[PDB]
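Asks: What follows is input.cif, made up of mmCIF, C-alpha atoms and all ligand atoms:
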```cif
data_target
loop_
_atom_site.label_atom_id
_atom_site.label_comp_id
_atom_site.auth_asym_id
_atom_site.auth_seq_id
_atom_site.Cartn_x
_atom_site.Cartn_y
_atom_site.Cartn_z
CA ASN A 9 0.00 0.00 0.00
CA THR A 10 1.84 2.99 -1.51
CA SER A 11 0.19 5.86 -3.53
CA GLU A 12 2.02 4.61 -6.66
CA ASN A 13 0.24 1.18 -6.32
CA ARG A 14 -3.04 3.05 -5.62
CA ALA A 15 -2.68 5.11 -8.85
CA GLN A 16 -2.19 1.87 -10.77
CA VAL A 17 -5.12 0.10 -9.16
CA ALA A 18 -7.31 3.22 -9.83
CA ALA A 19 -6.07 3.25 -13.50
CA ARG A 20 -6.84 -0.45 -13.92
CA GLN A 21 -10.28 -0.08 -12.39
CA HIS A 22 -11.28 2.87 -14.67
CA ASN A 23 -9.82 1.10 -17.74
CA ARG A 24 -11.75 -2.07 -16.94
CA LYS A 25 -15.00 -0.14 -16.73
CA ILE A 26 -14.35 1.25 -20.22
CA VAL A 27 -13.63 -2.30 -21.55
CA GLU A 28 -16.94 -3.45 -20.05
CA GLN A 29 -18.77 -0.51 -21.58
CA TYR A 30 -17.16 -1.23 -24.96
CA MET A 31 -18.13 -4.85 -24.91
CA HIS A 32 -21.72 -4.10 -23.92
CA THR A 33 -22.28 -1.35 -26.51
CA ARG A 34 -25.11 -2.37 -28.86
CA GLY A 35 -27.56 -0.83 -31.38
CA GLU A 36 -27.47 2.92 -31.92
CA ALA A 37 -25.03 3.40 -29.04
CA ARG A 38 -22.46 1.88 -31.36
CA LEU A 39 -22.46 5.24 -33.22
CA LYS A 40 -20.89 6.83 -30.08
CA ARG A 41 -18.47 4.09 -29.05
CA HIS A 42 -15.66 6.07 -30.76
CA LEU A 43 -15.83 8.56 -27.89
CA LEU A 44 -14.09 5.95 -25.72
CA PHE A 45 -10.90 6.40 -27.76
CA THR A 46 -8.07 8.90 -27.69
CA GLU A 47 -8.13 11.40 -30.56
CA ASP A 48 -5.50 9.40 -32.44
CA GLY A 49 -6.87 6.04 -31.22
CA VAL A 50 -6.84 3.01 -33.51
CA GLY A 51 -9.31 0.13 -33.76
CA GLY A 52 -10.11 -2.63 -36.22
CA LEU A 53 -9.59 -6.18 -37.43
CA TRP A 54 -6.24 -7.84 -37.19
CA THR A 55 -7.05 -11.19 -38.72
CA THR A 56 -8.27 -10.84 -42.33
CA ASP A 57 -8.00 -12.97 -45.48
CA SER A 58 -5.22 -10.70 -46.78
CA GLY A 59 -2.99 -11.29 -43.80
CA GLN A 60 -2.81 -7.54 -43.13
CA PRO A 61 -4.88 -5.73 -40.44
CA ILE A 62 -7.61 -3.28 -41.39
CA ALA A 63 -6.68 -0.43 -39.00
CA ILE A 64 -9.16 2.44 -38.50
CA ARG A 65 -7.06 5.43 -37.44
CA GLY A 66 -8.43 8.30 -35.43
CA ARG A 67 -11.39 8.88 -33.15
CA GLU A 68 -13.32 10.61 -35.97
CA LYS A 69 -12.50 7.81 -38.52
CA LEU A 70 -13.71 5.33 -35.96
CA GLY A 71 -17.15 7.16 -35.64
CA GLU A 72 -17.43 7.13 -39.46
CA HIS A 73 -16.59 3.43 -39.52
CA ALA A 74 -19.29 2.68 -36.94
CA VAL A 75 -21.99 3.73 -39.52
CA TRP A 76 -20.64 1.02 -41.92
CA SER A 77 -20.42 -1.59 -39.09
CA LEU A 78 -24.00 -0.91 -37.92
CA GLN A 79 -25.26 -1.27 -41.47
CA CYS A 80 -23.38 -4.53 -42.06
CA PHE A 81 -23.95 -5.99 -38.64
CA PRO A 82 -27.35 -4.67 -37.59
CA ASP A 83 -28.06 -6.73 -34.53
CA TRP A 84 -24.52 -7.79 -33.38
CA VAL A 85 -24.12 -8.90 -29.80
CA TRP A 86 -20.98 -10.04 -27.93
CA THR A 87 -21.55 -12.94 -25.52
CA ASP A 88 -19.51 -15.10 -23.06
CA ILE A 89 -17.34 -12.06 -22.34
CA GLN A 90 -14.26 -12.69 -20.16
CA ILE A 91 -12.11 -9.75 -19.30
CA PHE A 92 -8.42 -10.27 -18.48
CA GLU A 93 -6.52 -7.55 -16.63
CA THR A 94 -2.77 -7.80 -17.09
CA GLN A 95 0.41 -6.73 -15.22
CA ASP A 96 0.05 -3.55 -17.32
CA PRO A 97 -2.80 -1.38 -15.97
CA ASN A 98 -3.28 0.02 -19.46
CA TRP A 99 -3.55 -3.35 -21.33
CA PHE A 100 -6.47 -5.77 -21.24
CA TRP A 101 -7.47 -8.86 -23.30
CA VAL A 102 -11.02 -10.06 -23.78
CA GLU A 103 -12.09 -13.53 -24.92
CA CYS A 104 -15.72 -13.73 -26.07
CA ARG A 105 -18.06 -15.02 -28.74
CA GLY A 106 -20.37 -12.95 -30.98
CA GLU A 107 -23.31 -13.58 -33.26
CA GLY A 108 -25.55 -11.61 -35.58
CA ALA A 109 -26.63 -11.02 -39.13
CA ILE A 110 -23.99 -10.27 -41.73
CA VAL A 111 -25.14 -8.00 -44.64
CA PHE A 112 -22.32 -7.45 -47.03
CA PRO A 113 -23.02 -6.20 -50.47
CA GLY A 114 -22.30 -8.72 -53.19
CA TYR A 115 -23.11 -11.63 -50.89
CA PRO A 116 -26.36 -13.01 -49.56
CA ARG A 117 -27.51 -12.07 -46.10
CA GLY A 118 -26.18 -14.57 -43.56
CA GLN A 119 -25.78 -15.44 -39.89
CA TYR A 120 -22.22 -14.86 -38.56
CA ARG A 121 -20.89 -16.49 -35.39
CA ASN A 122 -17.27 -16.51 -34.26
CA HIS A 123 -14.93 -16.75 -31.30
CA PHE A 124 -12.99 -13.56 -30.69
CA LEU A 125 -9.98 -12.19 -28.75
CA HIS A 126 -9.76 -8.41 -28.37
CA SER A 127 -6.77 -6.40 -27.21
CA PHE A 128 -7.34 -3.05 -25.52
CA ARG A 129 -4.51 -0.64 -24.77
CA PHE A 130 -5.13 2.63 -22.95
CA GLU A 131 -3.61 6.07 -22.57
CA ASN A 132 -5.04 8.66 -20.15
CA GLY A 133 -8.03 6.51 -19.40
CA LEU A 134 -9.08 6.30 -23.09
CA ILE A 135 -8.58 3.50 -25.61
CA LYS A 136 -5.40 4.07 -27.65
CA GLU A 137 -5.56 0.78 -29.62
CA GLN A 138 -8.26 -1.88 -30.02
CA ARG A 139 -7.55 -5.04 -32.07
CA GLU A 140 -9.82 -7.89 -32.91
CA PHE A 141 -8.57 -11.39 -33.56
CA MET A 142 -10.84 -14.09 -34.95
CA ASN A 143 -10.88 -17.08 -37.41
CA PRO A 144 -11.75 -15.54 -40.82
CA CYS A 145 -12.86 -18.97 -42.01
CA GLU A 146 -16.10 -18.62 -39.95
CA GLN A 147 -16.78 -15.37 -41.65
CA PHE A 148 -16.28 -17.09 -45.05
CA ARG A 149 -18.94 -19.66 -44.03
CA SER A 150 -21.35 -16.85 -43.03
CA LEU A 151 -20.90 -15.29 -46.55
CA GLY A 152 -21.26 -18.53 -48.48
CA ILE A 153 -17.59 -18.46 -49.46
CA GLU A 154 -16.09 -22.02 -49.84
CA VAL A 155 -13.46 -22.60 -47.12
CA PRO A 156 -10.20 -24.16 -48.24
CA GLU A 157 -9.26 -27.36 -46.33
CA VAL A 158 -5.76 -28.19 -45.09
CA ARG A 159 -5.10 -31.94 -45.01
CA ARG A 160 -2.98 -32.93 -42.02
CA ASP A 161 -1.83 -36.38 -43.14
CA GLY A 162 -0.13 -38.23 -40.36
CA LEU A 163 -1.58 -36.03 -37.62
CA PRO A 164 -1.74 -38.40 -34.65
CA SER A 165 -5.15 -39.55 -34.00
CA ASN B 9 0.68 -9.19 3.06
CA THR B 10 -1.67 -12.19 3.60
CA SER B 11 -0.20 -15.66 2.77
CA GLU B 12 -3.18 -16.24 0.39
CA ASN B 13 -1.49 -13.48 -1.67
CA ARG B 14 1.99 -14.90 -1.21
CA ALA B 15 0.20 -18.16 -2.20
CA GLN B 16 -0.77 -16.62 -5.55
CA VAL B 17 2.27 -14.45 -6.23
CA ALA B 18 4.25 -17.75 -5.86
CA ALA B 19 1.90 -19.68 -8.22
CA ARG B 20 2.04 -16.79 -10.77
CA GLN B 21 5.82 -16.53 -10.71
CA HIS B 22 6.25 -20.28 -11.08
CA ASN B 23 3.63 -20.50 -13.84
CA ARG B 24 5.24 -17.60 -15.72
CA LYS B 25 8.48 -19.43 -15.76
CA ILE B 26 6.71 -22.45 -17.26
CA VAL B 27 5.23 -20.14 -20.05
CA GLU B 28 8.69 -18.76 -20.75
CA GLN B 29 10.16 -22.26 -20.96
CA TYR B 30 7.34 -23.36 -23.28
CA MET B 31 7.73 -20.36 -25.56
CA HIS B 32 11.54 -20.81 -25.77
CA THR B 33 11.45 -24.56 -26.45
CA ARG B 34 13.11 -25.35 -29.78
CA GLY B 35 14.61 -28.24 -31.76
CA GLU B 36 14.89 -31.69 -30.12
CA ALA B 37 13.77 -30.17 -26.82
CA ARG B 38 10.23 -30.06 -28.40
CA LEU B 39 9.96 -33.88 -28.02
CA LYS B 40 9.88 -33.26 -24.20
CA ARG B 41 7.72 -30.10 -23.93
CA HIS B 42 4.70 -32.38 -23.21
CA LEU B 43 6.31 -33.00 -19.82
CA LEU B 44 5.24 -29.36 -18.89
CA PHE B 45 1.54 -30.49 -18.85
CA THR B 46 -0.63 -32.17 -16.28
CA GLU B 47 -1.34 -35.84 -17.00
CA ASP B 48 -4.80 -34.91 -18.38
CA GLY B 49 -3.61 -31.65 -19.93
CA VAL B 50 -4.81 -30.45 -23.32
CA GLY B 51 -3.00 -28.61 -26.06
CA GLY B 52 -3.61 -27.78 -29.67
CA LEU B 53 -5.04 -25.45 -32.27
CA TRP B 54 -8.27 -23.58 -31.64
CA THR B 55 -8.38 -21.75 -35.03
CA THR B 56 -8.80 -24.21 -37.89
CA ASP B 57 -10.41 -24.24 -41.32
CA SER B 58 -13.00 -26.73 -40.09
CA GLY B 59 -14.15 -24.34 -37.39
CA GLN B 60 -13.52 -26.93 -34.68
CA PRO B 61 -10.38 -27.03 -32.38
CA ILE B 62 -7.83 -29.81 -32.87
CA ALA B 63 -7.42 -30.65 -29.21
CA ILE B 64 -4.59 -33.05 -28.15
CA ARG B 65 -5.75 -34.59 -24.92
CA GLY B 66 -3.28 -35.86 -22.34
CA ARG B 67 0.45 -35.77 -21.68
CA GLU B 68 1.08 -38.98 -23.58
CA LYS B 69 -0.71 -37.88 -26.71
CA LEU B 70 1.01 -34.48 -26.54
CA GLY B 71 4.33 -36.38 -26.52
CA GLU B 72 3.24 -38.47 -29.54
CA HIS B 73 1.96 -35.35 -31.30
CA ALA B 74 5.36 -33.64 -30.98
CA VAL B 75 6.90 -36.26 -33.24
CA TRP B 76 4.48 -35.16 -36.00
CA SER B 77 5.10 -31.45 -35.24
CA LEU B 78 8.84 -31.80 -35.37
CA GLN B 79 8.63 -33.54 -38.77
CA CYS B 80 6.16 -30.97 -40.27
CA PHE B 81 7.77 -27.93 -38.73
CA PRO B 82 11.44 -28.93 -38.37
CA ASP B 83 12.93 -25.53 -37.37
CA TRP B 84 9.96 -23.71 -35.79
CA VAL B 85 10.79 -20.67 -33.61
CA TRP B 86 8.55 -18.33 -31.64
CA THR B 87 9.67 -14.68 -31.66
CA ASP B 88 8.58 -11.29 -30.38
CA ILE B 89 7.11 -12.98 -27.29
CA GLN B 90 5.00 -10.87 -24.91
CA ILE B 91 3.70 -12.69 -21.84
CA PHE B 92 0.61 -11.36 -20.15
CA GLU B 93 -0.15 -12.20 -16.55
CA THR B 94 -3.83 -11.91 -15.57
CA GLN B 95 -5.86 -11.50 -12.40
CA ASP B 96 -5.94 -15.36 -12.30
CA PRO B 97 -2.50 -16.62 -11.26
CA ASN B 98 -3.21 -19.80 -13.22
CA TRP B 99 -4.18 -17.96 -16.47
CA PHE B 100 -1.74 -16.40 -18.91
CA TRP B 101 -1.91 -15.04 -22.45
CA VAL B 102 0.93 -14.77 -24.84
CA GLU B 103 1.13 -12.64 -27.99
CA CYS B 104 3.96 -13.60 -30.33
CA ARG B 105 5.09 -14.32 -33.88
CA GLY B 106 6.31 -17.62 -35.21
CA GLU B 107 7.92 -18.95 -38.37
CA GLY B 108 9.65 -21.87 -39.99
CA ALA B 109 9.54 -24.38 -42.76
CA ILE B 110 6.23 -26.13 -43.32
CA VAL B 111 6.59 -29.68 -44.66
CA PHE B 112 3.18 -31.35 -45.04
CA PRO B 113 2.47 -34.47 -47.10
CA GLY B 114 0.97 -33.49 -50.46
CA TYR B 115 1.86 -29.78 -50.36
CA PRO B 116 4.96 -28.07 -51.65
CA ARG B 117 7.43 -27.34 -48.89
CA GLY B 118 6.88 -23.77 -47.79
CA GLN B 119 7.73 -21.07 -45.27
CA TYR B 120 4.97 -20.52 -42.74
CA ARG B 121 4.81 -17.33 -40.66
CA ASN B 122 1.94 -16.12 -38.55
CA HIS B 123 0.81 -13.97 -35.60
CA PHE B 124 -0.26 -16.02 -32.64
CA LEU B 125 -2.14 -15.70 -29.37
CA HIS B 126 -1.69 -18.51 -26.86
CA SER B 127 -3.82 -19.14 -23.81
CA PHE B 128 -2.21 -21.12 -20.96
CA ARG B 129 -4.18 -22.31 -17.97
CA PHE B 130 -2.41 -24.06 -15.11
CA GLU B 131 -3.17 -26.58 -12.39
CA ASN B 132 -0.72 -27.35 -9.61
CA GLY B 133 2.07 -25.61 -11.59
CA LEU B 134 1.71 -27.71 -14.78
CA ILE B 135 -0.13 -26.71 -18.01
CA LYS B 136 -3.75 -27.85 -17.78
CA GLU B 137 -4.86 -26.27 -21.15
CA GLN B 138 -2.79 -24.57 -23.90
CA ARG B 139 -4.69 -23.14 -26.89
CA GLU B 140 -3.25 -21.50 -30.00
CA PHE B 141 -5.20 -18.87 -31.96
CA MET B 142 -3.89 -17.73 -35.29
CA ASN B 143 -5.06 -16.65 -38.81
CA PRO B 144 -5.53 -19.87 -40.81
CA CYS B 145 -5.25 -17.87 -44.07
CA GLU B 146 -1.51 -17.48 -43.52
CA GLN B 147 -1.06 -21.16 -43.24
CA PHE B 148 -3.06 -21.74 -46.47
CA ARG B 149 -0.66 -19.34 -48.18
CA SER B 150 2.35 -21.15 -46.91
CA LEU B 151 0.97 -24.36 -48.52
CA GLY B 152 0.17 -22.80 -51.90
CA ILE B 153 -3.57 -23.05 -51.12
CA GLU B 154 -5.77 -20.35 -52.70
CA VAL B 155 -7.32 -17.85 -50.19
CA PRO B 156 -10.61 -16.29 -51.14
CA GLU B 157 -10.89 -12.50 -50.81
CA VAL B 158 -13.75 -11.04 -48.76
CA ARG B 159 -15.08 -7.85 -50.41
CA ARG B 160 -16.11 -5.13 -47.95
CA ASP B 161 -18.15 -2.81 -50.25
CA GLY B 162 -18.67 0.68 -48.76
CA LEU B 163 -15.86 0.19 -46.15
CA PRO B 164 -14.43 3.63 -45.45
CA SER B 165 -10.72 4.59 -45.70
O1 LIG A 201 -16.17 -8.37 -39.29
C1 LIG A 201 -15.65 -7.61 -40.11
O2 LIG A 201 -15.35 -7.81 -41.27
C2 LIG A 201 -15.33 -6.23 -39.55
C3 LIG A 201 -14.27 -5.56 -40.09
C4 LIG A 201 -13.89 -4.31 -39.58
BR1 LIG A 201 -12.40 -3.45 -40.43
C5 LIG A 201 -14.55 -3.78 -38.52
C6 LIG A 201 -15.64 -4.46 -38.00
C7 LIG A 201 -16.03 -5.72 -38.49
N1 LIG A 201 -17.09 -6.40 -37.98
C8 LIG A 201 -17.71 -6.04 -36.69
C9 LIG A 201 -18.88 -6.93 -36.34
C10 LIG A 201 -18.51 -8.37 -36.26
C11 LIG A 201 -17.45 -8.54 -35.23
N2 LIG A 201 -16.31 -7.67 -35.53
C12 LIG A 201 -16.59 -6.25 -35.64
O1 LIG A 202 0.07 -25.41 -37.31
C1 LIG A 202 -0.56 -26.45 -37.34
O2 LIG A 202 -1.24 -26.84 -38.28
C2 LIG A 202 -0.53 -27.24 -36.01
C3 LIG A 202 -1.62 -28.00 -35.64
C4 LIG A 202 -1.62 -28.69 -34.42
BR1 LIG A 202 -3.16 -29.69 -33.97
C5 LIG A 202 -0.54 -28.67 -33.58
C6 LIG A 202 0.57 -27.95 -33.97
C7 LIG A 202 0.55 -27.22 -35.15
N1 LIG A 202 1.68 -26.56 -35.47
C8 LIG A 202 2.68 -26.14 -34.50
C9 LIG A 202 3.80 -25.45 -35.27
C10 LIG A 202 3.41 -24.25 -36.03
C11 LIG A 202 2.69 -23.23 -35.12
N2 LIG A 202 1.64 -23.90 -34.37
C12 LIG A 202 1.98 -25.11 -33.59
#
```
Kindly present the structure from the file in structure tokens form.
Ligand SMILES: O=C([O-])c1cc(Br)ccc1N[C@H]1CCCNC1
Ligand SMILES: O=C([O-])c1cc(Br)ccc1N[C@H]1CCCNC1
Replies:
Amino acid sequence: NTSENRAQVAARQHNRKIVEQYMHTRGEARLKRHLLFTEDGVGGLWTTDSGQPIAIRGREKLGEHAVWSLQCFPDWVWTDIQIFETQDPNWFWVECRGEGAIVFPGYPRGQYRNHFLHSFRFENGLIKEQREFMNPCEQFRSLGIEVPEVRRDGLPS
Amino acid sequence: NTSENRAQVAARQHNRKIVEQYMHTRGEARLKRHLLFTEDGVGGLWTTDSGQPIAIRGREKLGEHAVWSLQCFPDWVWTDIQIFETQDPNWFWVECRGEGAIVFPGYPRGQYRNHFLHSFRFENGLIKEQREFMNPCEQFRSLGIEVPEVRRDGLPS
């Protein structure tokens, strides 16, 4: 019990509340979730078919992106949310699932389910970087895209 | 200053050392990494093309599975390792990179590289469950396997 360890605990506790708020943001509130980020904050999808992240850079770019997300995922809900604090008061991981309609132009409407890991890094009590990690193959299934198969001959039984 | 907290600090420090040893295990030493697990411990890959985990259940099977892994990935190394402690002294996350030759039956020999998240849960100081999460698209690439391209029409820049 020193004031340095109290600052850290207080930081972790405020940061965790923002992670919880993030993960419970649904419907039209998603249009304001960008306000949880620093001005230069980054969010987006780190696991894509291309092998490069799609990074959305800036609090304002993030609010613009939320209009596209709400259109394409109109009823998205995160479930089975488990929040992991780390040794770093400004860095959290979340393991969860999610489910909802997927409405991408040039594909049929589908139902998308996946398992997700999210990384949340903070600066001054606001999110500086959010990254989502998932298995893009499940998104291919939701879009009617054929999923390649890797054969693992010899893989012990 | 309670011994229930010295109880956990001790568990966490010991477990962290087991995560470090796991993540630095290379070459022939991989044939013995299964000895870091509880008798009933589980390892494997949670992000597959099939959408289901390939879980390797038990110390003995993990030992048998390493023979396959060492053949298919003869020079595998994990790099850029970041270990994350959590509020649970028996739960850790690792973010890292990995690369090496990939040598599968029926595919041209390749070079596989990916970004990985590992989950490690402990029991009595041995690994009770290890799970790897990666982007399966990067492994398709390494095998010469075509990766479909998701189109995100209307996605802002
Ligand atoms: O899933 C995507 O293709 C996607 C890509 C970027 Br770029 C941002 C948000 C995306 N989707 C929402 C809803 C589903 C769960 N992940 C967040
Ligand atoms: O990568 C796989 O296809 C794979 C599948 C299972 Br089942 C166990 C180990 C596997 N590979 C090692 C080496 C490469 C990185 N990941 C762990």
Asks: Return chain A as a tab-separated table (two decimals) with C-alpha atoms, keeping the file's coordinate frame, after superposing it on chain B by a least-squares fit that covers all C-alpha atoms paired in order.
Replies:
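The file below, selection.tsv, is the result:
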```tsv
chain	number	residue	atom	x	y	z
A	9	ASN	CA	0.96	-8.71	2.49
A	10	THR	CA	-0.92	-11.81	3.71
A	11	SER	CA	0.20	-15.48	3.16
A	12	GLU	CA	-2.80	-15.98	0.83
A	13	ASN	CA	-1.47	-13.16	-1.48
A	14	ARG	CA	2.04	-14.68	-1.16
A	15	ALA	CA	0.77	-18.13	-2.29
A	16	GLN	CA	-0.80	-16.47	-5.32
A	17	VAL	CA	2.27	-14.44	-6.20
A	18	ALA	CA	4.42	-17.63	-5.80
A	19	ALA	CA	1.92	-19.55	-8.05
A	20	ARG	CA	2.01	-16.82	-10.70
A	21	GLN	CA	5.79	-16.66	-10.65
A	22	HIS	CA	6.23	-20.47	-11.09
A	23	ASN	CA	3.52	-20.55	-13.81
A	24	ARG	CA	5.20	-17.71	-15.69
A	25	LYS	CA	8.51	-19.55	-15.69
A	26	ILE	CA	6.79	-22.56	-17.28
A	27	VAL	CA	5.18	-20.28	-19.95
A	28	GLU	CA	8.64	-18.88	-20.71
A	29	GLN	CA	10.13	-22.35	-20.92
A	30	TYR	CA	7.30	-23.45	-23.23
A	31	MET	CA	7.75	-20.55	-25.55
A	32	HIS	CA	11.52	-21.02	-25.75
A	33	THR	CA	11.41	-24.79	-26.38
A	34	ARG	CA	13.01	-25.57	-29.75
A	35	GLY	CA	14.52	-28.51	-31.70
A	36	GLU	CA	14.71	-31.89	-30.00
A	37	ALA	CA	13.60	-30.41	-26.67
A	38	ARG	CA	10.18	-30.16	-28.27
A	39	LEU	CA	9.91	-33.96	-27.80
A	40	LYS	CA	9.83	-33.36	-24.00
A	41	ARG	CA	7.65	-30.25	-23.83
A	42	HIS	CA	4.67	-32.52	-22.96
A	43	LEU	CA	6.21	-33.00	-19.51
A	44	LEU	CA	5.09	-29.45	-18.68
A	45	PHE	CA	1.45	-30.60	-18.75
A	46	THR	CA	-0.81	-32.30	-16.26
A	47	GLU	CA	-1.51	-35.96	-17.04
A	48	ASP	CA	-4.88	-35.06	-18.55
A	49	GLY	CA	-3.59	-31.77	-20.01
A	50	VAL	CA	-4.85	-30.53	-23.37
A	51	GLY	CA	-3.03	-28.57	-26.08
A	52	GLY	CA	-3.55	-27.75	-29.73
A	53	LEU	CA	-4.92	-25.43	-32.40
A	54	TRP	CA	-8.12	-23.56	-31.87
A	55	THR	CA	-8.37	-21.73	-35.16
A	56	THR	CA	-8.55	-24.16	-38.12
A	57	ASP	CA	-10.23	-24.12	-41.54
A	58	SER	CA	-12.99	-26.40	-40.21
A	59	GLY	CA	-14.00	-24.01	-37.47
A	60	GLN	CA	-13.45	-26.71	-34.84
A	61	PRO	CA	-10.32	-26.95	-32.62
A	62	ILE	CA	-7.86	-29.80	-33.00
A	63	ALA	CA	-7.47	-30.72	-29.30
A	64	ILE	CA	-4.64	-33.09	-28.28
A	65	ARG	CA	-5.80	-34.73	-25.05
A	66	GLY	CA	-3.44	-36.14	-22.48
A	67	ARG	CA	0.21	-35.68	-21.58
A	68	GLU	CA	1.15	-38.89	-23.45
A	69	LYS	CA	-0.90	-37.90	-26.59
A	70	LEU	CA	0.85	-34.57	-26.50
A	71	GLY	CA	4.36	-36.29	-26.55
A	72	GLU	CA	3.20	-38.42	-29.52
A	73	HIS	CA	1.94	-35.30	-31.29
A	74	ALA	CA	5.29	-33.56	-30.79
A	75	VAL	CA	6.94	-36.16	-33.15
A	76	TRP	CA	4.47	-35.10	-35.92
A	77	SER	CA	4.99	-31.35	-35.17
A	78	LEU	CA	8.81	-31.67	-35.28
A	79	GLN	CA	8.60	-33.48	-38.59
A	80	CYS	CA	6.24	-30.91	-40.12
A	81	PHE	CA	7.86	-27.87	-38.59
A	82	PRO	CA	11.54	-28.76	-38.36
A	83	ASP	CA	13.07	-25.44	-37.49
A	84	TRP	CA	10.11	-23.53	-35.88
A	85	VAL	CA	10.94	-20.59	-33.68
A	86	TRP	CA	8.60	-18.26	-31.74
A	87	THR	CA	9.66	-14.60	-31.76
A	88	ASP	CA	8.43	-11.22	-30.35
A	89	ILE	CA	7.08	-13.09	-27.32
A	90	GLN	CA	4.98	-11.02	-24.88
A	91	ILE	CA	3.69	-12.72	-21.81
A	92	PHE	CA	0.54	-11.43	-20.10
A	93	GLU	CA	-0.18	-12.43	-16.51
A	94	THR	CA	-3.83	-12.06	-15.58
A	95	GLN	CA	-5.93	-11.55	-12.40
A	96	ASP	CA	-5.98	-15.38	-12.35
A	97	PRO	CA	-2.58	-16.74	-11.22
A	98	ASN	CA	-3.27	-19.88	-13.22
A	99	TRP	CA	-4.14	-18.17	-16.58
A	100	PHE	CA	-1.72	-16.45	-18.94
A	101	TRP	CA	-1.95	-15.15	-22.56
A	102	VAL	CA	0.98	-14.83	-24.91
A	103	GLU	CA	1.11	-12.72	-28.08
A	104	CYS	CA	4.00	-13.60	-30.41
A	105	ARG	CA	4.99	-14.28	-33.99
A	106	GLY	CA	6.54	-17.48	-35.38
A	107	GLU	CA	8.32	-18.56	-38.53
A	108	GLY	CA	9.76	-21.72	-40.02
A	109	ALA	CA	9.51	-24.29	-42.74
A	110	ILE	CA	6.21	-26.06	-43.27
A	111	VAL	CA	6.47	-29.67	-44.62
A	112	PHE	CA	3.05	-31.13	-45.03
A	113	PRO	CA	2.57	-34.15	-47.17
A	114	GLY	CA	0.58	-33.50	-50.31
A	115	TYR	CA	1.82	-29.91	-50.51
A	116	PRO	CA	5.13	-28.40	-51.50
A	117	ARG	CA	7.59	-27.39	-48.84
A	118	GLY	CA	7.00	-23.77	-47.83
A	119	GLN	CA	7.89	-20.97	-45.42
A	120	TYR	CA	5.19	-20.32	-42.78
A	121	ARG	CA	4.94	-17.07	-40.81
A	122	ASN	CA	2.03	-16.02	-38.62
A	123	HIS	CA	0.95	-13.92	-35.67
A	124	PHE	CA	-0.21	-15.99	-32.73
A	125	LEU	CA	-2.09	-15.71	-29.39
A	126	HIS	CA	-1.68	-18.59	-26.94
A	127	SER	CA	-3.74	-19.27	-23.85
A	128	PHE	CA	-2.17	-21.16	-20.96
A	129	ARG	CA	-4.19	-22.42	-18.00
A	130	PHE	CA	-2.54	-24.17	-15.08
A	131	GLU	CA	-3.36	-26.63	-12.33
A	132	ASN	CA	-0.82	-27.59	-9.63
A	133	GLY	CA	1.94	-25.73	-11.39
A	134	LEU	CA	1.50	-27.72	-14.64
A	135	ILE	CA	-0.24	-26.75	-17.88
A	136	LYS	CA	-3.86	-28.00	-17.88
A	137	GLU	CA	-4.85	-26.39	-21.23
A	138	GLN	CA	-2.85	-24.72	-24.01
A	139	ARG	CA	-4.66	-23.17	-27.01
A	140	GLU	CA	-3.25	-21.54	-30.06
A	141	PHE	CA	-5.07	-18.88	-32.00
A	142	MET	CA	-3.84	-17.68	-35.38
A	143	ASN	CA	-5.09	-16.58	-38.88
A	144	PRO	CA	-5.37	-19.84	-40.89
A	145	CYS	CA	-5.22	-17.79	-44.09
A	146	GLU	CA	-1.43	-17.30	-43.58
A	147	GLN	CA	-1.03	-21.00	-43.31
A	148	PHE	CA	-2.97	-21.41	-46.60
A	149	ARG	CA	-0.47	-19.02	-48.26
A	150	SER	CA	2.47	-21.06	-46.87
A	151	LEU	CA	0.94	-24.24	-48.46
A	152	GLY	CA	0.15	-22.68	-51.82
A	153	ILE	CA	-3.58	-22.87	-51.13
A	154	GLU	CA	-5.55	-19.98	-52.82
A	155	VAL	CA	-7.03	-17.70	-50.12
A	156	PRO	CA	-10.64	-16.66	-50.59
A	157	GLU	CA	-11.19	-12.86	-50.58
A	158	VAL	CA	-14.05	-11.10	-48.80
A	159	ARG	CA	-15.10	-7.89	-50.56
A	160	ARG	CA	-16.06	-5.17	-48.08
A	161	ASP	CA	-17.96	-2.82	-50.38
A	162	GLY	CA	-18.72	0.44	-48.69
A	163	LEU	CA	-16.10	-0.02	-45.98
A	164	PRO	CA	-15.14	3.56	-45.14
A	165	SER	CA	-11.91	4.49	-46.57
```
Asks: Neighbouring residues of ligand LIG 201 (chain A) are defined here as those with any atom at most 10 Å from a ligand atom, counting all atoms listed in the file; list them as an MDAnalysis selection string.
Replies: (chainID A and resid 51:57 61:64 70 73:74 76:86 105:110 112 120:124 126 139:142 144 147) or (chainID B and resid 158:160 163:165)
Asks: Just need the residues of chain B within 6 Å of chain A, counting all atoms listed in the file, so spit them out as a PyMOL selection string.
Replies: chain B and resi 55+57+73+92-95+143+145+161
Asks: Could you state the separation of CA of residue 90 (chain A) and CA of residue 28 (chain A) in Å, given to one decimal place?
Replies: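 So the two atoms, CA of residue 90 (chain A) and CA of residue 28 (chain A), lie 9.6 Å apart.
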Asks: How far is it from CA of residue 21 (chain B) to CA of residue 46 (chain B), in Å with one decimal?
Replies: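 Taking CA of residue 21 (chain B) as the start and CA of residue 46 (chain B) as the end point, the length is 17.8 Å.
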Asks: Between A:97, A:150, A:129, A:36, which is the closest to residue 17 (chain A) once you count all atoms listed in the file?
Replies: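 The answer is A:97, which sits nearest to residue 17 (chain A).
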Asks: Specify the axis-aligned box that encloses all atoms of region 58-70 of chain B listed in the file after padding of 6 Å on each side, stating its centre and edge lengths in Å to one decimal as JSON.
Replies:
```
{"center_x": -6.5, "center_y": -31.7, "center_z": -30.9, "size_x": 27.2, "size_y": 26.6, "size_z": 30.4}
```
